[PDB]
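Quick notes on the structure that follows.
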Amino acid sequence: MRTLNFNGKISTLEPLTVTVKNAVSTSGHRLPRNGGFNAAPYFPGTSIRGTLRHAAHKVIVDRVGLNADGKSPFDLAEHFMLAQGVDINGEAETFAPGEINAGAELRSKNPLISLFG
RNA sequence: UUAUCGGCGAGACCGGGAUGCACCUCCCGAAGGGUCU
């Protein structure tokens with residue numbers, strides 16, 4: 001139980017672009033600016049978070065591997081729980097909203113869900 | 001931090017034509033010399 005802060009630099013080997021609905025207009029494709037066109041753009045943390053969540057999901061599937069049938073053990077519900085984080089079958093541990101520290105069992109049993117809620 | 005969760009993405013050759021060239025003397029002036037078996 002330690003807060004690991006990773007601080008560091010991303011050097012861009014090939015240009016780093018992202019399409020965002022607000023950033024892109026009929027004037028043309030622009031990066032998110034946090035202001036006007038003169039402001040300094042930023043690569044959203046959402047895109048990096050999604051990329052790292054997809055990478056973590058790939059790690060989890062590879063660590064689990066496939067069944068004897070050659071099919072992934074995850075169904076659509078589990079797959080969306082691990083990738084997008086939303087319950088599709090309505091079967092999820094609805095913890096009390098006033099319990100900041102809830103889900104310790106799920107957090108221990110599912111480290112992907114723990115990292116990316 | 002008024003909660004909890006969400007990669008925006010996928011495709012495209014921008015290329016196709018061109019002589020930069022045509023004229024000019026850079027020359028005009030000079031002793032490097034004298035000394036020692």
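If you're wondering about the labels, chains in the structure tokens are A, B, ... by order shown, residues count from 1 in each chain, ligands from 1 in order shown.
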As a short mmCIF file (atom, residue, chain, number, x, y, z; two decimals) with C-alpha atoms, in the first residue's frame, please: all residues of range 4-117 of chain A that backbone DSSP puts in alpha helix (DSSP H).
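In the end it all went to out-v4.cif:
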data_model
loop_
_atom_site.label_atom_id
_atom_site.label_comp_id
_atom_site.auth_asym_id
_atom_site.auth_seq_id
_atom_site.Cartn_x
_atom_site.Cartn_y
_atom_site.Cartn_z
CA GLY A 45 -4.71 11.80 -20.17
CA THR A 46 -7.87 9.96 -21.20
CA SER A 47 -6.29 8.56 -24.36
CA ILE A 48 -3.19 7.41 -22.48
CA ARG A 49 -5.39 5.94 -19.74
CA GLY A 50 -7.42 4.01 -22.29
CA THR A 51 -4.28 2.77 -24.02
CA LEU A 52 -2.79 1.59 -20.73
CA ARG A 53 -6.10 -0.01 -19.72
CA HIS A 54 -6.17 -1.89 -23.02
CA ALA A 55 -2.56 -2.95 -22.47
CA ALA A 56 -3.44 -4.13 -18.96
CA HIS A 57 -6.41 -6.07 -20.34
CA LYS A 58 -4.11 -7.74 -22.87
CA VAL A 59 -1.72 -8.62 -20.04
CA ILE A 60 -4.57 -10.08 -18.00
CA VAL A 61 -5.89 -12.20 -20.87
CA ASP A 62 -2.41 -13.51 -21.70
CA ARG A 63 -1.73 -14.31 -18.03
CA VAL A 64 -5.07 -16.13 -17.84
CA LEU A 76 -18.94 -10.14 -23.21
CA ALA A 77 -19.90 -9.04 -19.69
CA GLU A 78 -16.49 -9.77 -18.17
CA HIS A 79 -14.74 -8.36 -21.23
CA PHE A 80 -16.59 -5.05 -20.94
CA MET A 81 -16.05 -5.03 -17.17
CA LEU A 82 -12.30 -5.28 -17.71
CA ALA A 83 -12.08 -3.03 -20.78
CA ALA A 104 -11.22 -4.59 -0.96
CA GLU A 105 -12.26 -8.13 -1.88
CA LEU A 106 -12.85 -7.23 -5.53
CA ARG A 107 -9.73 -5.04 -5.53
CA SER A 108 -7.62 -7.96 -4.30
CA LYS A 109 -9.26 -10.54 -6.57
CA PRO A 111 -6.15 -6.07 -9.84
CA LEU A 112 -7.15 -4.71 -13.26
CA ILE A 113 -10.44 -3.41 -11.88
CA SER A 114 -8.52 -2.13 -8.86
CA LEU A 115 -6.10 -0.10 -10.98
#
Please, which residues in chain B fall within 9 Å of chain A when counting only C-alpha atoms (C1' of nucleotides), and what is the closest atom pair and distance in Å to one decimal for each, ordered by chain then residue number, as a Markdown table?
| residue | atom | partner | partner_atom | distance |
| --- | --- | --- | --- | --- |
| B:3 | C1' | A:97 | CA | 8.9 |
| B:4 | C1' | A:117 | CA | 7.3 |
| B:5 | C1' | A:85 | CA | 5.0 |
| B:6 | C1' | A:84 | CA | 6.0 |
| B:7 | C1' | A:47 | CA | 3.9 |
| B:8 | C1' | A:19 | CA | 6.0 |
| B:9 | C1' | A:19 | CA | 8.0 |
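The gap separating CA of residue 13 in chain A from CA of residue 28 in chain A is 24.0 Å, in Å to one decimal.
From CA of residue 5 in chain A back to CA of residue 35 in chain A, the distance works out to 27.7 Å.
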